[PDB]
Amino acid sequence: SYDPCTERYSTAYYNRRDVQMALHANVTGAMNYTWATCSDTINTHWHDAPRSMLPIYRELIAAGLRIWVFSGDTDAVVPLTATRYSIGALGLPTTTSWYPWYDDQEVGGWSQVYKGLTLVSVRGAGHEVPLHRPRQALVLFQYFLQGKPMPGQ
């Protein structure tokens, strides 16, 4: 059921002239380069990039915005521990200590509620959460939208 070759497909599909059409993409046929999932040039020619986002966080947190941070626990690129330590640096207070959240009868992952931020892990998901844990990723989105803590029982 899982398919690691998805990017192969997309790249195929987006390069189709009929899809571009239906998309209103590359109207003039001007883009004389193939569509790719990423641009290696941009990727490799990157400029400014502050070390920390923490301050924006502090700001928006004060501004009263809703802030959720999530993490697929089997990702190794930007892993869970990274996030744990980072958020921890905000020094926020806890409103709800780390608890398991459920989807029906399973543990979907874990969650901790701080004063001004909600942190959520998705058990068994890689970097692309909605790809590896589609059902649970959707639950996550709904609670976020309702501004409601991930569910116990």
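So that the term is clear: the rigid core is the largest set of C-alpha atoms that superpose within 1.5 Å between two forms. The numbering used is simple: start at 1 and walk along the sequence shown.
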Legend entry - Larger mean CA deviation from the shown form in 4 other deposited structures of this protein [core fit; 27 to 35 vs 118 to 126]: 27 to 35
Inset, instruction - Could you check the entry and say whether 144 to 152 or 1 to 9 has the higher mean CA B-factor? - result: 1 to 9
Inset, instruction - With reference to the PDB entry, specify whether the mean Cα temperature factor is higher for 16 to 24 or for 129 to 137. - result: 16 to 24
Legend entry - Candidate residues 44, 52, 86, 111, the one whose C-alpha B factor the record puts highest: 44
Inset, instruction - Identify, among 58, 66, 115, 123, the residue whose C-alpha carries the highest B-factor in the deposited PDB entry. - result: 115
Inset, instruction - Tell me, lowest, middle or highest third: where does the Cα B factor of residue 30 rank within its chain? - result: highest
Legend entry - residue 38 by Cα B-factor - lowest, middle or highest third of the modelled chain: highest
